[PDB]
């Protein structure tokens, strides 16, 4: 008894009724014809889509457990092999996530807090930006090296030097796979597996980058083993190695060198491109909206000054900069469809029964753009996260990190990098448009699962 929906054609399903590019605009129109919940078939596979705050919440939150499964697929499977945190499910997930969540706490990796790794990075970033010499440029590459280096710093103790070859290769690697896997073709090939054979070259490249990466990590993990100081862990690998030590006897324990190379890999994948995107998107918005930046720089001056580096602690005294960072995520809507889930067993959702394994889809964007909770949801405006007094106004509708039992495993780190990197930049630079702001477009290109901001150029003018 799946929820209603467009009756499918045989063999293909509703495919030709869904714009594979902006598949969310497609879903939104379906909702106006079948309501909050509904089923669509990609190929022979059913997919029950949830639209609106109440549907997404009732599902993800209220029925948390049953909706905490990761919808998987032919591609996702052959890349990860069910290893790691993102793609795993059941027992192996719960144990890896729980270990990951606590090991990723501000101090969960030893004497050196993560904030300190982020703050040091926000530094090198500002230094690289000075190198542009105020000249117009595409911030994409520079902005990407920071979030990627933060992860390096979190899993490999030390951060790389931007010119270091290993870092550049480590990046291209992940970027290439990011671009491949973000093609509308992925949605097709995932449902019509046979069509993967039609992409020999691309198939090999993806697997090759994945293969090479695993090697590098493993080579790097041995370095950690042969130098492990059990009493004070250096990074993420140390913590895992220590945990592995304890389970030494349990032959069915998840903590083995295999999930370690996996979970590490996942960390880059899960926190590099997403952060980089929101960052690049955030600057574009601060550029397009000058009267906004001015206020943020005003808080920065008033609460941090030119006297020192911003730290997470200032955020409690900077309501506006907080509203901005919240509105940047709400507006830029990084993952409109959220990441596909799957119900854990036969699940009951008001009048409907959803078979175990079915693919779920909680449309985050439908929440982030609720027109009642956010009047004029399509205009970037910090007011959305501000009360009549200029005080921060938290929202239950703020789900860019998703919700429920499978909410972003690195939200904190994510929120920390956005606030640090963004305030640290605005402190040392002012944003200048190569052209006229009016000629500046801020509409995303959703030719894929990860919405992207339009390409642009900017001039970092040292204050």
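Residue numbers count along the first chain shown, from 1. So that the term is clear: the rigid core is the largest set of C-alpha atoms that superpose within 1.5 Å between two forms.
When the other structures are laid on the shown form by the rigid core, the stretch among 446-454 and 6-14 with the greater C-alpha deviation in 4 other deposited structures of this protein turns out to be 446-454. Averaged as a root mean square over residues and superposed structures in 4 other deposited structures of this protein, CA distances to the shown form are larger in 302-310; the pair compared was 90-98 and 302-310 with a core fit. The deposited model assigns a higher average Cα B-factor to 297-305 than to the other stretch when 297-305 and 323-331 are compared. The mean Cα B-factor in the deposited entry runs higher for 15-23 than for the other of 15-23 and 448-456. Across the options 230, 361, 101, 284, the residue with the most elevated CA B-factor in the record is 230. For the set 178, 268, 255, 380, the PDB entry assigns the largest Cα B-factor to 255. In this PDB entry, residue 31 carries a Cα temperature factor that places it within the lowest third of its chain's modelled residues. In the deposited entry, the Cα temperature factor of residue 39 sits in the bottom third of values across the chain's modelled residues. Residue 121: CA B factor in the lowest third of modelled residues in this chain (values from the PDB entry). In this PDB entry, the Cα temperature factor of residue 432 sits in the top third of its chain's modelled residues, the highest group. Ranked against the other modelled residues of its chain, the C-alpha B-factor of residue 315 as given in the entry falls in the middle third.
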